[PDB]
Amino acid sequence: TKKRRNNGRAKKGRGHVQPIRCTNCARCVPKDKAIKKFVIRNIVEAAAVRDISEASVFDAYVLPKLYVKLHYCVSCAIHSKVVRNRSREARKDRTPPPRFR
Amino acid sequence: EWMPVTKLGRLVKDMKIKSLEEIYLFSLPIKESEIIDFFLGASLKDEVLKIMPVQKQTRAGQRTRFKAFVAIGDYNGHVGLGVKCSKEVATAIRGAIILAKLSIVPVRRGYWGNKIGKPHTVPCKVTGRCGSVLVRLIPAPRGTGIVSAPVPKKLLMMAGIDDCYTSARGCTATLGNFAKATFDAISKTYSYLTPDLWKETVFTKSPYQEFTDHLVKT
Amino acid sequence: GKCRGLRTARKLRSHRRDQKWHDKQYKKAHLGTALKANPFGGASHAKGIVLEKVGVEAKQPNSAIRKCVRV
Amino acid sequence: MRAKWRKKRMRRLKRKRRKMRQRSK
Amino acid sequence: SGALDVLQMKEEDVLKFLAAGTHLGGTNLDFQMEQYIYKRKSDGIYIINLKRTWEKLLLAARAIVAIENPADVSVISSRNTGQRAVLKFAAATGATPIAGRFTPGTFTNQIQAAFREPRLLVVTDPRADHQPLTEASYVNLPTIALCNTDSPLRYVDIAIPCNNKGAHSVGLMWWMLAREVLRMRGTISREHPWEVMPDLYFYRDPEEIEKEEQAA
Amino acid sequence: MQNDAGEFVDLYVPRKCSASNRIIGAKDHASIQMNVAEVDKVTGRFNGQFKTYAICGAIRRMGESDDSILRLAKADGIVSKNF
Amino acid sequence: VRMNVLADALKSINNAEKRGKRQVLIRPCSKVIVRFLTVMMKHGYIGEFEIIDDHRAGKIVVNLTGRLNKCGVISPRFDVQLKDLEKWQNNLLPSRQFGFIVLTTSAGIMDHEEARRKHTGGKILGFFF
Amino acid sequence: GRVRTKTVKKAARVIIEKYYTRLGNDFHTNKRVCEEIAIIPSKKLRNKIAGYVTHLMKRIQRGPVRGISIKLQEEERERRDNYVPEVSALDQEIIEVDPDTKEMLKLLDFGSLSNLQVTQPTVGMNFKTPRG
RNA sequence: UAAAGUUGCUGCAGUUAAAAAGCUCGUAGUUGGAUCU
RNA sequence: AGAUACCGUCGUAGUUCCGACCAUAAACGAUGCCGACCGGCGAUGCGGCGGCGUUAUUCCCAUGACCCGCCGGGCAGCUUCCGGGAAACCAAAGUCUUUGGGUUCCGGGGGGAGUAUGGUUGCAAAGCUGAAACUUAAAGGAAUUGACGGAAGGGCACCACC
Ligand SMILES: [Mg+2]
Ligand SMILES: [Mg+2]
Ligand SMILES: [Mg+2]
Ligand SMILES: [Mg+2]
Ligand SMILES: [Mg+2]
Ligand SMILES: [Mg+2]
Ligand SMILES: [Mg+2]
Ligand SMILES: [Mg+2]
Ligand SMILES: [Mg+2]
Ligand SMILES: [Mg+2]
Ligand SMILES: [Mg+2]
Ligand SMILES: [Mg+2]
Ligand SMILES: [Mg+2]
Ligand SMILES: [Mg+2]
Ligand SMILES: [Mg+2]
Ligand SMILES: [Mg+2]
Ligand SMILES: [Mg+2]
Ligand SMILES: [Mg+2]
Ligand SMILES: [Mg+2]
Ligand SMILES: [Mg+2]
Ligand SMILES: [Mg+2]
Ligand SMILES: [Mg+2]
Ligand SMILES: [Mg+2]
Ligand SMILES: [Mg+2]
Ligand SMILES: [Mg+2]
Ligand SMILES: [Mg+2]
Ligand SMILES: [Mg+2]
Ligand SMILES: [Zn+2]
């Protein structure tokens with residue numbers, strides 16, 4: 001009984017895809033199958049922003065951002081709750097979750 | 001006493017429709033069981049084919065219901081089949097009889113060789129499908145009789161077929177599918193375009209359109 | 001699929017002859033090992049000398065002692 | 001028993017037979 | 001219109017169509033709605049051939065008139081824009097209106113209070129009145145629809161290629177259909193314009209109601 | 001249809017679809033029997049005569065009943081030739 | 001590659017008949033195809049057809065009447081004697097009141113009944129009913 | 001919680017449907033009318049029905065309700081629905097059309113209309129949402 | 001022997017129930033486009 | 001409890017290149033190849049054709065970047081009562097009792113068993129071909145209702161907590 005039409009990966013019209021290493025557990029997982037996440041955040045947190053803005057020697061000095069690409073295997077993605085199981089009808093929906101308010 | 005709730009029932013009760021073939025011509029769905037009793041009447045005979053217990057698993061234990069298969073016919077060109085599931089056997093049998101006489105179709109009968117006298121066999125080879133069950137009916141010479149399994153034979157006799165050859169494939173131990181496949185095969189006799197039906201059709205007034213003024217009154 | 005040429009009789013016959021050997025009963029009847037292993041040798045009946053009396057325990061879920069003889 | 005380990009056990013038994021059942025013998 | 005001069009479209013009808021915008025379609029075109037289209041202009045908007053629209057409207061009127069009992073025709077609207085037009089059409093012609101929600105099983109469940117057995121069905125939008133359309137296939141019910149450039153035609157027998165989005169267009173289509181039906185019946189005449197104006201069939205838009213309430 | 005003696009032997013004669021010539025069965029509940037009124041060429045009022053069309057449910061499910069009805073009306077002269 | 005032209009033409013005709021089409025385009029043309037279509041048309045199953053003549057193998061446009069249930073081809077073309085015709089009639093035809101088996105005989109391409117009248121055998125091409 | 005069970009709501013709706021004229025916005029007059037017209041074998045049930053009837057009457061006075069409809073209200077809505085402007089909104093001294101619309105009208109021998117005014121079409125063809 | 005359309009030429013199957021060679025080339029075999037009164 | 005495991009520190013063959021062997025993978029789309037026919041929709045990669053209008057090559061064509069379309073192969077996606085199937089599902093897994101376009105390989109209830117033996121290839125590990133005696137009434141596929149889960153998300157309770 002096939003669970004998904006695409007076999008859970010994005011491989012179409014090719015034979016092999018080079019594997020990458022899970023950020024959490026260092027497992028070898030094919031790149032197309034792995035769960036990718038691009039994280040752009042601030043180096044200093046919310047309170048640290050106000051604490052630092054007064055102690056800076058510059059005027060309106062913009063704090064640098066942190067850019068990270070994260071790769072997860074299925075087990076780590078499920079356990080960390082970045083990915084959850086869905087209903088049989090809702091599995092087909094592949095629209096990203098409405099994070100934009 | 002019968003009080004119809006549809007236009008067709010009111011027309012049939014008020015003696016505006018002569019025969020059931022008028023209803024069959026316009027493919028009007030039948031929603032009241034009393035129409036068939038009005039037309040076919042005493043010629044209808046029914047027979048219970050199977051009583052099957054089914055069970056649904058619950059927290060406290062299994063819940064059992066009984067399903068009745070009833071075939072009906074007048075042995076003179078009309079045949080019907082009905083299935084009904086209930087808690088009690090008698091209620092299921094009554095429901096199956098009602099549902100069987102509701103879904104009654106006419107049967108077309110043809111000849112095998114020389115066309116002398118009344119028709120005795122199927123016009124041609126007809127196939128019916130249900131689940132994995134496939135049933136094939138083939139015309140037979142006069143006096144041959146019905147060469148089939150006991151289950152299709154009852155439906156063929158109730159339809160009014162005298163002679164026929166029968167083939168069957170699939171898991172025929174499923175009595176419901178076995179009966180429904182041959183019922184479909186019998187129903188497909190009037191849906192086959194033979195060269196003697198090539199004449200252009202002359203249309204006629206529909207009973208709804210013909211008796212609209214009488215329907216307005218009642 | 002199957003070959004439907006007009007000159008394919010040899011292929012069809014050879015294939016059927018070779019694929020009849022995958023039938024359990026045909027191979028059992030035509031191989032000769034079963035006939036060799038059959039104590040009767042193909043006979044309907046046989047005559048023997050009773051060596052002794054034995055009791056065989058009935059398989060579960062039945063419980064009994066079936067009386068048999070070694071001959 | 002897992003089929004992979006059953007196959008490995010069969011292979012090891014066959015190798016043991018081959019060592020014991022020498023072609024010279 | 002069998003090429004009859006009496007049934008030809010006049011200039012005032014063309015002006016009404018142009019003002020209501022019935023000739024303006026959507027950006028998408030259905031593959032079975034392509035014989036009623038004329039040409040796709042820039043910005044992706046499709047233009048509808050008004051002569052074919054008039055032909056389809058006259059054919060629908062001929063189909064409606066052929067029914068003896070006027071009450072056997074059911075007119076159904078689900079969207080709010082068509083409800084007032086359907087009610088006015090039913091009042092002027094004698095049909096049975098269904099404005100708002102359509103209850104499933106109306107044509108099939110014979111023990112319900114609202115069980116009906118119409119002989120003809122007229123709808124405002126196949127994509128919005130799909131539920132009444134689907135139940136027509138169960139009881140041998142012919143259907144008439146006001147379709148658009150992108151509209152499915154399953155179970156639709158007579159499709160009138162108009163613009164069913166704007167309130168003015170829907171009201172004008174219903175008013176013209178009622179006028180044609182009445183003129184074919186032999187109730188009003190073709191020699192003088194109809195007494196009622198086509199603005200009685202338009203959607204009220206309670207914002208407009210509030211604006212008019214405070215006019216004086 | 002009939003025997004050697006010529007006597008007709010059938011329960012009824014089913015009607016065929018006007019679009020595809022297929023037989024409309026007794027259990028085909030998606031079939032339509034539609035009537036189109038005829039008008040007088042002089043006045044344009046209802047003549048009292050009508051033309052009858054029959055469409056099977058298979059065509060209707062295909063969404064091809066609109067074109068079939070249009071062509072049938074054009075053939076009968078109800079719809080203008082320069083449609 | 002394409003190895004039978006009559007098979008392709010008959011399959012196209014049958015598929016177009018199932019879909020309720022009014023006309024069918026079949027290419028390439030062949031005189032065997034023309035004979036088969038003529039045999040079918042003489043019994044009123046298809047109707048008039050027109051041969052479009054390009055300079056390479058031609059094409060045919062066939063009108064449909066909706067009277068055709070099944071038209072098919074038999075491969076390979078088996079030799080049929082006059083005493084073995086009844087078996088093919090029983091196997092392939094739906095009834096004994098309608099349907100025709102098409103044969104190519106030394107007299108020409110005809111149906112099984114016309115071959116019985118002329119007392120000749122041949123090779124089976126196809127059937128239609 | 002003070003949610004009313006369906007019995008109270010059904011009785012109140014039927015009472016308002018049948019006797020809309022006799023009711024008002026006063027709880028005590030409503031509860032005196034209810035015992036006159038309806039048979040309630042309980043005092044608390046009668047009080048609940050009257051208290052819901054008063055709330056529903058206030059809601060009706062504010063505007064139309066999703067449920068019941070009064071015959072007088074329906075007739076008055078007909079009068080509000082026969083509103084007719086003095087002039088037709090379709091009547092325009094100038095109607096703007098695109099050149100393709102003018103060609104379509106011309107093909108139907110309607111190119112002689114004076115109300116038509118040809119407007120310049122948009123120069124750029126960009127009518128699709130940017131994919132992304 | 002029929003039942004067995006469970007040896008299937010008529011007439012069986014090969015995604016998940018038993019099953020299509022890891023892939024390609026290729027001899028024999030099988031099959032092969034129209035057209036001549 | 002016990003770890004000869006999962007965890008942590010080291011660490012030998014190996015992991016890297018050249019030359020000889022080995023020919024096995026859930027080597028999978030668990031779906032042979034060639035050809036014909038049979039519904040829509042929007043994208044996408046390559047080539048070609050046509051057309052308002054923005055940009056760069058300071059001017060001009062012309063050529064690049066966009067925009068709107070058409071044709072042909074290709075990887076796919078959505079939808080459909082085209083039709084199939086036990087169903088899951090499939091525009092092929094359709095055009096099959098209305099059964100024949102050509103052709104190759106290949107299966108015959110579950111185990112014994114891909115085992116023994118013979119043959120053959122390899123340095124070896126092993127690869128290919130490949131049984132029987134005997135044993136058994138089921139093994140298995142898809143889906144449905146329950147019960148469980150050291151699975152996910154909600155709700156309620158001073159016989160729960162705060
Ligand atoms: Mg699973
Ligand atoms: Mg490739
Ligand atoms: Mg791979
Ligand atoms: Mg993934
Ligand atoms: Mg069994
Ligand atoms: Mg065995
Ligand atoms: Mg016991
Ligand atoms: Mg046997
Ligand atoms: Mg047999
Ligand atoms: Mg056997
Ligand atoms: Mg057979
Ligand atoms: Mg089998
Ligand atoms: Mg398998
Ligand atoms: Mg493969
Ligand atoms: Mg060769
Ligand atoms: Mg040749
Ligand atoms: Mg392998
Ligand atoms: Mg794979
Ligand atoms: Mg494989
Ligand atoms: Mg493309
Ligand atoms: Mg490319
Ligand atoms: Mg390009
Ligand atoms: Mg077959
Ligand atoms: Mg086996
Ligand atoms: Mg037992
Ligand atoms: Mg406690
Ligand atoms: Mg506490
Ligand atoms: Zn991981």
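The chains referred to below are lettered A, B, ... by the order of the sequence lines, with proteins before strands, and numbering in each begins at 1.
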Inset, instruction - May I ask you to evaluate whether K87(G) reaches the phosphate of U10(I), defined as a side-chain N or O under 4.0 Å from OP1 or OP2? - result: no
Inset, instruction - Enumerate the residues from residues 67-77 of chain G whose closest heavy atom to RNA chain J is under 4.0 Å, giving them by residue number; use none for an empty result. - result: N69(G), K70(G), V73(G), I74(G), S75(G)
Legend entry - Bracket string, RNA chain I, 5' to 3' - pairs by Watson-Crick or G-U geometry under 3.5 Å, | interstrand: ....|......|.|||.....................
Inset, instruction - Would you please say whether a donor-acceptor pair under 3.5 Å links the side chains of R108(B) and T194(B)? - result: yes
Legend entry - Pairwise 5' ranking along RNA chain I for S30(G) and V1(G), keeping only the more 5' one: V1(G)
Legend entry - Any strand: nucleotide that pairs with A124(J) via Watson-Crick or wobble, under 3.5 Å: none
Inset, instruction - Look at the side chain of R9(A) and the backbone N and O of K33(A), then say whether any donor-acceptor pair between them is shorter than 3.5 Å. - result: no
Inset, instruction - Could you list the residues that satisfy salt bridge (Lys or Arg N to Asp or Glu O under 4.0 Å) with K125(B), not counting sequence neighbours? - result: none
Legend entry - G119(J) and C128(J) base-paired, Watson-Crick or G-U, both contacts under 3.5 Å: yes
Legend entry - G150(J) sugar pucker (north/south) via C1'-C2'-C3'-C4': north
Inset, instruction - List the steps and the verdict of side chain to side chain contact (heavy atoms under 4.5 Å, CB included) for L6(C) and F78(G). - result: CA-CA 8 Å; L6(C) 195 58; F78(G) 286 126; 3.9 Å; yes
Inset, instruction - Taking the purine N1 to pyrimidine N3 distance and the second Watson-Crick contact, or the two G-U wobble contacts, each under 3.5 Å, tell whether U57(J) pairs with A143(J). - result: no
Inset, instruction - Check step by step if salt bridge (charged side-chain N to carboxylate O under 4.0 Å, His left out) holds for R129(B) and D184(B). - result: CA-CA 7 Å; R129(B) 272 295 298 263; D184(B) 176 57; over 6 Å; no
Inset, instruction - Please confirm if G64(J) pairs with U55(J), counting Watson-Crick and G-U wobble geometry and requiring both distances below 3.5 Å. - result: yes
Inset, instruction - State whether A56(J) pairs with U63(J), counting either Watson-Crick geometry (purine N1 to pyrimidine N3 plus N6-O4 or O6-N4) or a G-U wobble (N1-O2 and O6-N3), each distance below 3.5 Å. - result: yes
Legend entry - P-based separation of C41(J) from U80(J) [nearest Å]: 15 Å
Inset, instruction - For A116(J) versus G127(J), give the span between their P atoms, rounded off to a whole number of Å. - result: 11 Å
Legend entry - North (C3'-endo side) or south (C2'-endo side) for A132(J) via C1'-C2'-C3'-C4': north
Inset, instruction - Please measure how far the P atom in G47(J) lies from the corresponding atom in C66(J), and state the result in whole Å. - result: 13 Å
Legend entry - Stacking status for step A18(I)-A19(I) (5.5 Å, 30° cutoffs): yes
Legend entry - Ring centers of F127(G), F100(G) separated by less than 6.0 Å: no
Inset, instruction - May I ask you to list the residues of residues 76-87 of chain A, by number, that have any heavy atom positioned under 4.0 Å from an atom of RNA chain J? - result: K81(A), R84(A), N85(A)
Legend entry - Non-hydrogen side-chain atoms of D30(E) and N28(E) separated by less than 4.5 Å: no
Legend entry - Sequence-distant partners of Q32(E), side chain to side chain donor-acceptor pair (under 3.5 Å), two or more places apart: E64(F)
Inset, instruction - Provide the distance between the two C1' atoms, one in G94(J) and one in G150(J), to the nearest whole Å. - result: 49 Å
Inset, instruction - Could you state the atom-to-atom distance from CD1 of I26(G) to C1' of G33(I) in whole Å? - result: 16 Å
Legend entry - Salt bridge present between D32(A) and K11(A) (N-O < 4.0 angstrom): no
Legend entry - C1' atoms of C22(J) and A1(J), separation to the nearest Å: 48 Å
Inset, instruction - Could you walk me through whether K39(E) and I47(E) pass the side chain to side chain contact (heavy atoms under 4.5 Å, CB included) test, one step at a time? - result: CA-CA 6 Å; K39(E) 186 180 181 179; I47(E) 305 177; 5.7 Å; no
Inset, instruction - Report yes or no: do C41(J) and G77(J) constitute a Watson-Crick or wobble pair with both atom distances shorter than 3.5 Å? - result: yes
Inset, instruction - Check RNA chain I against residues 8-30 of chain C and give the residues with a non-hydrogen atom under 4.0 Å, in numerical order. - result: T8(C), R16(C), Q19(C), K20(C), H22(C), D23(C)
Inset, instruction - Check RNA chain J against residues 128-139 of chain B and give the residues with a non-hydrogen atom under 4.0 Å, in numerical order. - result: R129(B), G131(B), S132(B), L134(B), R136(B)
Legend entry - Electrostatic pair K41(E):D100(H) at N-O distance under 4.0 angstrom: no
Legend entry - Comparing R169(B) and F127(H) on RNA chain J - which has the more 5′ nearest nucleotide: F127(H)
Inset, instruction - For adjacent nucleotides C89(J) and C90(J), indicate whether their bases are stacked under the rule of ring centres within 5.5 Å (strictly under) and plane angle under 30°. - result: yes
Legend entry - Pairing between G118(J) and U129(J), Watson-Crick or G-U, 3.5 angstrom cut-off on both: yes
Inset, instruction - Would you jot down, in residue-number order, the residues of residues 118-126 of chain H having a non-hydrogen atom under 4.0 Å from RNA chain J? - result: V123(H), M125(H)
Inset, instruction - Kindly say whether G72(J) and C46(J) qualify as a Watson-Crick or G-U pair under the rule that both distances are below 3.5 angstrom. - result: yes
Legend entry - Distance between P atoms of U16(I) and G11(I) (Å, rounded): 27 Å
Legend entry - Span of RNA chain J, from the first to the last nucleotide whose atoms fall under 4.0 Å of chain A heavy atoms: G29(J) to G153(J)
Legend entry - Gap in Å between the two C1' atoms, one belonging to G32(J) and one to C106(J), rounded: 11 Å
Legend entry - Residues which pass salt bridge (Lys or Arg N to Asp or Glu O under 4.0 Å) with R96(G), listed by chain and number, not counting sequence neighbours: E86(G)
Inset, instruction - Report the residues that fulfil side chain to side chain donor-acceptor pair (under 3.5 Å) with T143(E), sequence neighbours left out, ordered by chain and then residue number. - result: none
Inset, instruction - Assign each of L6(C) and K128(H) to its nearest nucleotide of RNA chain J by heavy atoms, then name whichever residue's nucleotide is nearer the 5' end. - result: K128(H)
Legend entry - side chain to side chain donor-acceptor pair (under 3.5 Å) partners for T182(B), two or more places apart: none
Inset, instruction - Could you give the distance separating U27(I) and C17(J) at their P atoms, to the nearest angstrom? - result: 39 Å
Inset, instruction - Give a yes or no on whether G8(J) and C66(J) pair, Watson-Crick or G-U wobble, both distances under 3.5 Å. - result: no
